[PDB]
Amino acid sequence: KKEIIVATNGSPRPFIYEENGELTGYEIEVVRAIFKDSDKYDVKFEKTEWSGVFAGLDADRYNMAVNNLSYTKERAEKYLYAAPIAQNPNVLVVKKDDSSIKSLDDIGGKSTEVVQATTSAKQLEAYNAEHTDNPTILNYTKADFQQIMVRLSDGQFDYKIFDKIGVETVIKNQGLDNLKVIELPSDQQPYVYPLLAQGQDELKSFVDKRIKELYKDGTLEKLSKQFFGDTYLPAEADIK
């Protein structure tokens, strides 16, 4: 069979995480189900640093990637997007005792920690290009999401933008009960997608076909409830 290597950096829970030395989480199990009993393909998951996920797709080292990945035009120019597999809205996190940040309009002169090449880093970089008189303070980090949330709770900086499921998960698991969650709007549907290397066109056709099948047989809903506690799926009409 043809071996398909799926890369991930291992964050964030419950989309991706490790248990007993092995990768699991919603996206990992959705991909396992896509290839289960495939007469053509065998799947293998590999954990690598974040920058390595994209660099590996670029070099054709990896066939696919799952990593709580959002859509952007820039990514679409370099990689293929499979059908979406989850819907998860954006949020702004601040300390509950801080009344100075109530929306995304209040981040000027305030500090955060962001990861290179993420959609939130790109949004904030663009915010700074527009608001040159009072930019937000970005400190880039290679730490993963949980660590960043802990630092926010520790008072190391003022706010953090991320998504609902990832934020709620860390607030519950890490007991970060001093953090307040503010809903944020979205221009586009906040969907999460597997990405494939450019040229993996035949693979994309198979993956897309399987994602639709797993939606129809109830597997996506089953896995969503298992990992997230409720159904967080794209509308059926957008699953393509």
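Residue positions are given as counts along the sequence shown, with the first one as 1.
A.B. asks: Check the entry's C-alpha temperature factors for 73 to 81 and 139 to 147, then say which stretch has the higher mean.
C.D. replies: It is 73 to 81 that shows the higher mean C-alpha B-factor.
A.B. asks: Pick between 36 to 44 and 63 to 71: the one whose mean CA B-factor in the entry is higher.
C.D. replies: Per the PDB entry, the higher value belongs to 36 to 44.
A.B. asks: Could you tell me which third, lowest, middle or highest, the C-alpha B-factor of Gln174 occupies within its chain?
C.D. replies: Ranked within chain, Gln174 CA B lands in the lowest tercile.
A.B. asks: Using the B-factor values recorded in the entry, state whether the Cα atom of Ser120 falls in the lowest, middle or highest third among the modelled residues of its chain.
C.D. replies: Its C-alpha B-factor belongs to the lowest third of this chain's values.
A.B. asks: Of the three thirds of its chain by CA temperature factor, lowest, middle or highest, which one includes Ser99?
C.D. replies: It falls in the top third of the chain.
A.B. asks: Lowest, middle or highest third: where is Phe54 by C-alpha B factor in its chain?
C.D. replies: Middle third, going by the recorded CA B-factors of the chain.
A.B. asks: Test of reading the entry: by CA B factor among the chain's modelled residues, which third contains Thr24?
C.D. replies: For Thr24, the deposited C-alpha B-factor lands in the middle third.
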